[PDB]
Each structure stands twice: as C-alpha cells, then as structure tokens.
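Accompanying notes for the structure given below.
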Ligand SMILES: COP(=O)(OC)c1cnc(N[C@H]2[C@H]3CC[C@H](CC3)[C@@H]2C(=O)O)nc1-c1c[nH]c2ncc(F)cc12
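Put into structure tokens, the structure is as follows:
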C-alpha cells in the first residue's frame with residue numbers, strides 16, 4: 021500500500037487508478053513508454069525535510085499542499101510531485119536533451140538535476156487565501172497572491 025519515489029515515501033490515502041500504456045514525446049522529441057494511471061487519487065508524501073498531501077487525476081496534478089524546512093526541501097517535494105503527476109507539461113519540460128533505467132525515473136533524475144524549464148513552464152495562478160497558505164513562484168520565492176498552478180505551501 022506504500023511505495024517510494026524520489027526519496028519520498030508515498031502512501032495513497034484515497035482514490036483508485038487503473039494502468040494504461042502510453043507513448044509520449046518529451047520536449048526533445050524522444051519517445052517514452054510510460055504507464056499512465058487513470059483516476060483521482062490522494063497521497064501522503066513523507067520525507068526527511070518535507071511532507072505533502074498530493075491530489076492528482078489522470079496526468080493532472082489537482083493540488084499539492086506542501087510543508088518543508090527550507091527552500092530546497094520544498095523544491096525537492098515539488099519536483100517529485102510534478103514528475104509524479106505525469107503531466108504533459110512536465111514531459112515537455114524536457115528541453116534542450120535525451121535521457122539515457129525507468130522512463131519515470133529518467134524524468135525524475137533529469138528534473139532533479141534542474142527544474143528551471145520544469146517550473147518555468149508549469150504555470151502560475153492567483154491564490155484566494157481560502158486555505159491561509161502561501162504561494163511559491165517558479166524561482167521558489169514566496170508570494171502572497173501568486174503560486175505555481177495547484178501548489179500551495181503550508182507550515
Ligand atoms: C497500487 O499501485 P498504485 O497505482 O497505487 C498505490 C502505484 C504503485 N506504485 C507506484 N510506483 C511507481 C511510482 C512512480 C514511478 C515509479 C516510482 C514510484 C513506480 C512505477 O511506476 O513503477 N505508483 C503507483 C501509482 C499510483 N498512481 C500513480 N500515478 C502516477 C504514477 F507515476 C504512479 C502511480
């Protein structure tokens with residue numbers, strides 16, 4: 021019922037997903053055969069320096085409420101969460119850029140080396156402050172009115 025990904029312990033708290041094979045095309049026109057998970061699911065991500073709740077749908081991050089102890093702790097959490105989403109956005113953030128050995132792990136290893144194109148192409152939004160949380164910009168700078176799409180930073 022538990023698994024591990026990118027140094028974070030994932031534990032599904034709700035929802036279901038079925039598997040289906042899909043051929044995607046990274047930003048560098050490289051073909052990858054990923055197993056796409058269909059359905060809405062919620063997860064706990066537990067790490068040594070960061071924790072998060074992650075709601076996702078089929079190839080879409082619905083929301084990520086993350087807390088951490090520093091900027092790189094939140095950055096690692098967000099990187100893992102966005103690679104886990106399986107979003108076409110993230111697949112296309114492979115820019116430049120071939121990846122050498129799981130496709131999902133290839134993407135994580137790639138985006139762990141640097142998430143600039145990743146963050147920079149994810150998308151930003153206005154926060155309504157209805158959760159009393161803080162937003163995070165593509166550069167990991169805090170903000171009180173804007174945040175990367177679906178990402179919220181708690182304490
Ligand atoms: C019962 O299996 P699960 O469906 O539910 C817990 C489930 C299991 N293992 C895993 N393990 C995976 C994850 C991610 C990549 C590897 C590293 C950890 C590993 C693998 O794919 O082989 N993932 C899920 C899973 C549920 N939803 C998902 N959405 C997207 C997604 F990339 C995965 C998943």
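In the entry's author numbering, the protein residues as written are 21 to 116, 119 to 122, 128 to 182. Backbone N, C-alpha and C define an ideal beta-carbon position, used for all residues, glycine too.
Assignment of residue 169 by DSSP, reduced to helix, strand and coil, places it in the strand class. When DSSP assignments are scanned along the segment 52–102, the uninterrupted stretches of beta strand (DSSP E) that are 3 or more residues long and fall wholly within it turn out to be 61–66, 70–77 and 80–88.
Rounded to the nearest angstrom, the gap between the Cα atoms of residue 181 and residue 66 is 14 angstroms. For residue 112, the enclosing alpha helix (DSSP H) has its first and last residue at 108–112.
If you check the C-beta of residue 110 against ligand 1, you find no heavy atom less than 7 angstroms away. About 11 angstroms separates the beta carbon of residue 55 from that of residue 43, a gap too long to meet the 8 angstroms contact definition. In the displayed model, residue 175 falls within a strand according to three-state DSSP. Ranked by how close their Cα comes to the Cα of residue 68, the residues 62, 49, 58 and 89 have 89 in first place. Selection 25, 78 and 145 evaluated against residue 116 yields 145 as nearest (Cα-Cα). Residue 38 and residue 59 have their alpha carbons spaced roughly 7 angstroms apart. Rounded to whole angstroms, the separation of the alpha carbons of residue 156 and residue 169 is 14 angstroms. Comparing C-alpha distances from residue 35 to each of 46, 24 and 57 shows the shortest one belongs to 57.
Excluding sequence positions up to five before and after residue 45, its CB lies within less than 7 angstroms of the CB of 51, all in the same chain and listed in chain order. The straight-line gap separating the alpha-carbon atoms of residue 167 and residue 178 is approximately 11 angstroms. In the three-state reduction of the DSSP assignment, residue 143 falls in the helix class, which pools H, G and I.
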